[PDB]
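K.L.:
Structure for the following, please:
(chains A, B, C and D, ligands or ions: 4)
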Amino acid sequence: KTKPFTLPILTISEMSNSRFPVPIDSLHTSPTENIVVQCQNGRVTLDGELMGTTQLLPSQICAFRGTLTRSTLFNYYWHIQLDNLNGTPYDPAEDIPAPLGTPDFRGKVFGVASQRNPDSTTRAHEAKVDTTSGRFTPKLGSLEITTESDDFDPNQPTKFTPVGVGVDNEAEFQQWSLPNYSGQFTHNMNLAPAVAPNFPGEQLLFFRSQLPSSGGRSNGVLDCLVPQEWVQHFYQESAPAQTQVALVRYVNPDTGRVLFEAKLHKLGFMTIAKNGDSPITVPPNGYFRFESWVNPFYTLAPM
Amino acid sequence: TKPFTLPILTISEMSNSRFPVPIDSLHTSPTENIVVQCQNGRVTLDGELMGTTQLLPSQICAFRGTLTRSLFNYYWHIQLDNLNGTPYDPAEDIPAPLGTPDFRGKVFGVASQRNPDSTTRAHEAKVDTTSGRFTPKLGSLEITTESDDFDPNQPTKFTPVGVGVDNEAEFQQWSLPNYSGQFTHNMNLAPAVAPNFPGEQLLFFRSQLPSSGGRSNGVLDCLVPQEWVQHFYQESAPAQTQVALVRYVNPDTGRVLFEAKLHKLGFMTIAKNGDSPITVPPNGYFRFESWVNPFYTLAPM
Amino acid sequence: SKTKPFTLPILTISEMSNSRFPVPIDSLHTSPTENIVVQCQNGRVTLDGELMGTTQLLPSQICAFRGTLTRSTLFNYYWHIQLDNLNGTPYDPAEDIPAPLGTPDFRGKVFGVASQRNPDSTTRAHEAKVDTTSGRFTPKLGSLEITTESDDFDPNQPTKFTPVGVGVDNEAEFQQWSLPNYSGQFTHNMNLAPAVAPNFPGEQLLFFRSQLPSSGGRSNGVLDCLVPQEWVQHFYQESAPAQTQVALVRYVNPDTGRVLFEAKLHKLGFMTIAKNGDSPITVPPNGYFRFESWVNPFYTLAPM
Amino acid sequence: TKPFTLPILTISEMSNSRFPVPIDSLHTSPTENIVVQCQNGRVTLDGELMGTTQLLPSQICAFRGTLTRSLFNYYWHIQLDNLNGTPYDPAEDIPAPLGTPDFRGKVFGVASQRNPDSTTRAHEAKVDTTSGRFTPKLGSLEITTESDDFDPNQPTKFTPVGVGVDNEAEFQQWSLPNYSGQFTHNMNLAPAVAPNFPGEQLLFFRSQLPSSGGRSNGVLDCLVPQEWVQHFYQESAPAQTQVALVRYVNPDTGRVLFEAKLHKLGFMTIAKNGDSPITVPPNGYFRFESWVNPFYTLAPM
Ligand SMILES: CC(=O)N[C@H]1[C@@H](O[C@H]2[C@@H](O)[C@@H](CO)O[C@@H](O[C@H]3[C@H](O)[C@@H](O)[C@@H](O)O[C@@H]3CO)[C@@H]2O[C@@H]2O[C@@H](C)[C@@H](O)[C@@H](O)[C@@H]2O)O[C@H](CO)[C@H](O)[C@@H]1O
Ligand SMILES: CC(=O)N[C@H]1[C@@H](O[C@H]2[C@@H](O)[C@@H](CO)O[C@@H](O[C@H]3[C@H](O)[C@@H](O)[C@@H](O)O[C@@H]3CO)[C@@H]2O[C@@H]2O[C@@H](C)[C@@H](O)[C@@H](O)[C@@H]2O)O[C@H](CO)[C@H](O)[C@@H]1O
Ligand SMILES: CC(=O)N[C@H]1[C@@H](O[C@H]2[C@@H](O)[C@@H](CO)O[C@@H](O[C@H]3[C@H](O)[C@@H](O)[C@@H](O)O[C@@H]3CO)[C@@H]2O[C@@H]2O[C@@H](C)[C@@H](O)[C@@H](O)[C@@H]2O)O[C@H](CO)[C@H](O)[C@@H]1O
Ligand SMILES: CC(=O)N[C@H]1[C@@H](O[C@H]2[C@@H](O)[C@@H](CO)O[C@@H](O[C@H]3[C@H](O)[C@@H](O)[C@@H](O)O[C@@H]3CO)[C@@H]2O[C@@H]2O[C@@H](C)[C@@H](O)[C@@H](O)[C@@H]2O)O[C@H](CO)[C@H](O)[C@@H]1O
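P.N.:
Numbers count the residues shown, from 1 in each chain, chains lettered A, B, ... in the order given. Ligands and ions are numbered 1, 2, ... in the order given. Sure, structure below:
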């Protein structure tokens, strides 16, 4: 009678990052006591409630849509009046931190800005979005893009396709530092809650990708709490969470053996019994399998 | 015994299965003068992938491999791997590496590299799927770039963005490229589809891709959204008949706006004549009614 | 080789416009103001031609706006307005002004008409109200909320607002000397033009007063501006150097030739007179203000 | 002798002199098929007001007076006062009360009242300048309203907002109304104007007025911005010749963009052929050069 909780059957190479439109590259764990893990994309509860700036379309994370105008080697600056991701007009009064899909990290997003005018003429060129700029105010409804080309028409529909990071100094990319969605004017609000292991000996487990970089030595490391397919899956199923913690096992269908076990928390993140920064090597055909709802005081087997 | 289901998705919550973009609209058109045989976004209702179709929405018209050398004046040779990094085998029974573009034209995007020493580069790139150097079935294709800042023998990725044709007629979404060039003809193709009932036309999930120049409409039609590709692969529910009856319902008013056939090979038809968009309200969604037979007469739209 | 002389335009009272609303001036008025803080932001100009607050030159754009209309998330329909600059430029909150130029500088409900013209040339216009006390009145952040009786508005279409008068239900909701919160409750008012007051014994502010139309109720529509809009425009054009902090002006009758009274025009752009009590200042139809001389601020005005 | 000057104003700092709205653009057109004889915004270079032109920017197409009774289907009679509240004298040598509309159509606005007991009303109203009851020269006109909430015999003001025509052809900005209705013809008109040099057309200060319905472009052209009306009235500089030479200058580049004639009767001409906007940078302004004669040959635009 109770709708059962499930996970989609996917290997590591069949999963997508929920903070950027790229495939998942690996599984990774590291200590996070020094940091506040409060990303806003890829935030979903196990019973299907989206949080933060999270939405369903994989391609739309860190993308935007709106109208370009002239503002007040990447020298050309442009003002973007943002619409909603689905084309509907944007209202700053909605109780989200920023338009859905807005980047949730400090740095420069490298991508391509494109335009299609009513007379059917089109143009597209490389563009960057400085999420640390004082004119990055997507919650207010606008942001600034930088371009190398001057081939852009004002008052024309503009789209931005995210590709990767485009910071000059590698330290400009801080994946766990939220931008100021209202610039200097207001604080961030309506945020999805921060996450941390509530248990001795446990660390967060990440679905990790290495984003493309347009220059420099940036590793492009972007960790999401849960892949986008699970966001989409939990939203569809909305199965009741019987406890705060679902027990999950990573299994190898060839050998039939459990490689490790982990906690999948109701708030939408994973923990594992392991210490220290390290990748988690999995077989190509392995997948995560839901074992049972469990009490939060369950002790995971170490790695 | 596993029932067939559709995910509950709005028009604005669907992704094109032939390009990593959202669906913009629903469209119908007569198709007797075109061959509808795209190879991405090809799935049967019981969850079998066909053509070059794979699961990752970002990897459609993307590639992965190694770059070597020889106004987008700079030409580069790309030795293709599989999207999962494993080496591509031209002997497998697919038309080309999974996610290879299935239309003639120039795919506009960004090529990027990350070297073992951690140095990186990314610049605009075009993939001409009509060039004789476009032989992804043989394991290689060619890109053109405007920037010369690329390192040979380095891991290279391609992020698709849109179309980049100079002449608008270069983009032909219903003409498959030659996956092996002029060395041989295409093989292992997902079958072509057509309406097979009087007064019926295909129903398309339409996107308008970005265009880097010119007047190209960038129109790209797919047979089912990528989310249905992913959902049918997961569910693998047995197809009880050749045709599923599906209805589009407005949850605000409770009313059915139109009905359609969802065919086992993974495409939809409606009772409609003429090239036309299908205007649907923002909260509408497709509902699976039941399995029927091909002789069902749909209500005209 | 002399400096540019300071001048006033020659205008009677029935030839002047309010600088806080697009209406003519009805009368001159004086009133004690030690109770209140006089800090309006429209119609603020220095005598040497510097605009302050939200003051701009176009008389019709005071309390007007333009932007893109959006549906919100009896005047019972609510709409969101993404505000542009009055010239179609996107509004920059980083500019050192309290709010977009022309933004209303008082608490209450501005009554007017909102209109739209679509790219397909279709048009609409209907009555609308701007509640400057609503928590969604955040023009400094680039948006505000209008309310309408009609539902005939298209979202995501270019929209203008023409101000007409006040539209409060209860008369006490209109407080001309209370500034709105230009960012709502989210941050403080910034870059305000300074407050004004007579810093001389026996002196009170002199106002150019209009009675705005009202859409209902018993509101007197009284709106006092420090300086008429024609002087805002004139001082900006002339930018004559201010020799002292006080210019002595006299209201003269060209028929009789006699001086009716004298007043101080202060450099910050306001006027004082030697008078006490709330009272209108009756003037002849042909009378006008005449610049007499720069004076030291301790000059003593003749009473009345 | 007082020299002639223009105020230093940007295009976005000028007001229409025929309606209380900002100037939207500059515009030129051949005008041999129209009569350019507006009555608001009429001033000579030496400061003489003409037609129905007055100083208050908010009072153009406004009125003041006393209302009585006679889908905007409520009709009301307005006994007109002067804009300064003084009674209107039809005997004066003006075409109509100052500020009276100078085009055929329906002026859309808001009529408001304030009673001696301080009760107030305001609702949408229209002034049809083509109606037989539009006789402002005789001292009265007629409004229509949607609301019935109006008290007879009370002081009534009209605030113009834009046009309110149902058919778009009813708005004829170059057709003067009959200020006395059918009783007699218009009198005391400001003179009509026309270019008088080969290749020269009038240059208009153009606004696009709000429209309460339909597809009317709301285009309203004035010969001179209201600020120039106010400036020349203040200055009253002697017009040394019939024509002033004026140039449009960009301060961001120092370059002159075009030159024009400013004629003594208060209108401008340029060397241009066709109906066209005049694109100007945001910081440009008109600069008075000197007095010339009507035989000057402007450089083509
Ligand atoms: C993020 C971005 O838009 N980058 C641009 C930009 O990258 C070059 C500049 O960032 C430049 C600043 O000094 O540094 C270049 O690299 C140095 C490197 O830091 C040194 O350690 C040494 O190797 O000399 C290099 C000379 O370039 C940046 O070049 C980029 O990064 C390098 C690590 C390498 O991968 C190179 O191929 C990259 O181009 O400007 C370049 C154009 O010159 C690109 O437009 C890039 O996107
Ligand atoms: C696909 C691609 O890489 N396009 C480039 C390239 O586009 C320009 C060329 O296609 C060029 C050939 O002469 O024509 C330009 O547009 C003309 C158009 O053909 C005329 O009909 C008329 O409209 O003048 C236009 C001036 O550009 C192409 O420009 C691009 O397309 C236009 C329709 C317009 O949208 C413009 O903004 C575009 O840039 O070269 C340009 C660089 O100049 C771009 O690099 C573009 O990506
Ligand atoms: C500002 C606004 O939107 N006004 C509307 C609104 O006005 C009427 C309501 O505000 C109503 C609320 O009770 O009160 C009315 O006047 C009452 C008055 O309060 C009573 O003391 C008594 O005198 O009865 C009156 C009604 O006959 C408001 O009416 C308006 O104000 C009156 C003094 C008078 O001037 C009348 O003509 C006005 O309409 O709602 C009305 C709807 O009829 C209008 O839409 C008005 O603009
Ligand atoms: C000038 C005025 O008072 N206008 C009113 C009035 O306008 C509507 C009527 O004029 C009506 C006559 O049938 O036509 C409407 O628009 C049609 C349009 O003619 C058709 O071509 C098609 O587009 O369908 C439209 C449906 O409205 C007029 O509506 C107004 O003009 C339209 C172009 C559109 O912009 C609409 O939003 C406007 O309201 O009546 C309406 C109320 O019904 C208003 O009161 C308007 O001010």
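K.L.:
check which helix or strand covers the residue of the stretch 151-300 of chain A found nearest chain C.
P.N.:
Closest contact between the stretch 151-300 of chain A and chain C, by CB to the nearest CB, is at residue A:186 (4.5 Å). Every residue, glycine included, has its C-beta placed from N, CA and C. Following DSSP states H and E, there is no helix or strand that holds residue A:186.
K.L.:
and what of residue A:184?
P.N.:
Residue-wise, residue A:184 maps onto no helix or strand under DSSP H and E.
K.L.:
Residue A:178 versus the closest residue to it other than its chain neighbours, what's the distance?
P.N.:
Distances taken as CB to CB, 6 or more residues apart in numbering or on different chains place residue A:134 nearest to residue A:184, at 6.0 Å, with adjacent residues excluded. Distance, residue A:134 to residue A:178, by CB to CB, to the nearest Å: 16 Å.
K.L.:
what does residue A:301 give?
P.N.:
34 Å.
K.L.:
Can you list the buried residues in stretch A:256-268?
P.N.:
A:260-268 (16 or more other CB atoms under 10 Å in any protein chain shown).
K.L.:
Let me know the closest of those to ligand 4.
P.N.:
Lowest distance from ligand 4 to these (CB to the nearest ligand atom) belongs to residue A:268, with 44.6 Å.
K.L.:
on that earlier part again, can you pick out the residue with more neighbours from residue A:301 and residue A:178?
P.N.:
Counted by other CB atoms under 10 Å in any protein chain shown, residue A:301 and residue A:178 do not tie: residue A:178 has more neighbours, with 21 against 11.
K.L.:
ok, residue A:48 - contacts?
P.N.:
Listed by CB atoms under 8 Å, 6 or more residues apart in numbering or on different chains, the contact partners of residue A:48 are A:234-239.
K.L.:
rerun at 10 Å
P.N.:
A:231-241 (CB atoms under 10 Å, 6 or more residues apart in numbering or on different chains).
K.L.:
In this structure the residue nearest to residue A:184 contacts residue A:140, no?
P.N.:
No - using CB atoms under 10 Å, residue A:134 makes no contact with residue A:140, being 11.6 Å away.
K.L.:
Identify the residue nearest the residue of the stretch 151-300 of chain A closest to chain C in space, chain neighbours excluded?
P.N.:
residue C:186 (4.5 Å).
K.L.:
circling back: quick one: residues contacting the residue of the stretch 151-300 of chain A closest to chain C.
P.N.:
A:92, A:137, A:139-140, A:180, C:138, C:141, C:183-187.
K.L.:
tell me which of the contacts of residue A:48 is nearest to chain B?
P.N.:
residue A:236 (5.3 Å).
K.L.:
residue contacts, that closest one?
P.N.:
Contacts of residue A:236 (CB under 10 Å, 6+ apart): A:8, A:48, A:56, B:5, B:7-9, B:227, B:231.
K.L.:
which SS state does it fall under?
P.N.:
Following DSSP: H, G, I helix; E, B strand; the rest coil, we place residue A:236 in the helix state.
K.L.:
roughly how far apart are it and ligand 1?
P.N.:
Applying CB to the nearest ligand atom, to the nearest Å, the value for residue A:236 to ligand 1 is 38 Å.
K.L.:
and residue A:232, that's in a strand?
P.N.:
No - according to three-state DSSP, residue A:232 belongs to no strand; its state is helix.
K.L.:
what's the burial count for it?
P.N.:
If we define neighbours as other CB under 10 Å, then residue A:232 has 27 of them.
K.L.:
do the same with the one 10 residues further on
P.N.:
Applying other CB under 10 Å, we find 16 residues neighbouring residue A:242.
K.L.:
Please verify my assumption that it contacts residue A:290.
P.N.:
No - using CB under 10 Å, residue A:242 is not in contact with residue A:290; the gap is 11.4 Å.
K.L.:
Mind listing the shared neighbours of these two?
P.N.:
A:4-5, A:46.
K.L.:
Tell me the one of those residues nearest ligand 1?
P.N.:
Looking across those and measuring by CB to the nearest ligand atom, the closest to ligand 1 is residue A:46, at 38.3 Å.
K.L.:
hmm, back to that, JSON lines for the shared contacts of residue A:242 and residue A:290, including distance to ligand 1, secondary structure and neighbour count?
P.N.:
Compiled in JSON lines, the shared contacts of residue A:242 and residue A:290 are given as follows (distance: CB to the nearest ligand atom, whole Å; DSSP: H, G, I helix; E, B strand; the rest coil; neighbours: other CB atoms under 10 Å in any protein chain shown):
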{"residue": "A:4", "distance to ligand 1": "47", "secondary structure": "coil", "neighbour count": "9"}
{"residue": "A:5", "distance to ligand 1": "43", "secondary structure": "coil", "neighbour count": "19"}
{"residue": "A:46", "distance to ligand 1": "38", "secondary structure": "coil", "neighbour count": "27"}
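K.L.:
near ligand 3, which of those residues show up?
P.N.:
For ligand 3, no contacts are drawn from the shared contacts of residue A:242 and residue A:290 by CB under 6 Å from any ligand atom.
K.L.:
sorry, back to before: so what's the residue nearest to residue A:184 up against?
P.N.:
Residue A:134 sits next to A:144, A:180, A:183-185, C:93-94 when contact means CB under 10 Å, 6+ apart.
K.L.:
what helix or strand is it on?
P.N.:
Counting by DSSP H and E, residue A:134 is part of no helix or strand.
K.L.:
circling back to that earlier point, now the common contact residues for residue A:134 and residue A:140.
P.N.:
Counting by CB under 10 Å, 6+ apart, the common neighbours of residue A:134 and residue A:140 are A:183, A:185, C:93.
K.L.:
between the residues you listed, which is closest to ligand 3?
P.N.:
The closest of the shared contacts of residue A:134 and residue A:140, once distances to ligand 3 are taken by CB to the nearest ligand atom, is residue C:93, at 31.0 Å.
K.L.:
quick one: the closest one from ligand 2, how far?
P.N.:
In terms of CB to the nearest ligand atom, residue C:93 sits 30 Å off from ligand 2.
K.L.:
next one: phi and psi at that residue?
P.N.:
Per-residue torsions, residue C:93: phi -60, psi -20 (degrees, to the nearest 10).
K.L.:
give the contact list for residue A:156.
P.N.:
A:67-69, A:115-119, A:121-123.
K.L.:
Could you export the residues you listed as TSV, including neighbour count?
P.N.:
Formatted as TSV, the contacts of residue A:156 follow (neighbours: other CB atoms under 10 Å in any protein chain shown):
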residue	neighbour count
A:67	18
A:68	24
A:69	21
A:115	21
A:116	23
A:117	13
A:118	8
A:119	9
A:121	15
A:122	26
A:123	20
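K.L.:
For ligand 4, give me its nearest residue in the stretch 101-250 of chain A.
P.N.:
For the stretch 101-250 of chain A, CB to the nearest ligand atom, closest residue to ligand 4: residue A:118, 18.7 Å.
K.L.:
who's in contact with that residue?
P.N.:
A:156-157, C:119.
K.L.:
give me the beta-bridge partners of residue A:206?
P.N.:
residue A:28 (DSSP bridges).
K.L.:
cool, and residue A:144?
P.N.:
Counting by DSSP bridges, the residues bridging with residue A:144 are residue A:79.
K.L.:
what's near enough to touch it?
P.N.:
Per CB under 10 Å, 6+ apart, neighbours of residue A:144: A:71-72, A:77-80, A:128-130, A:133-137.
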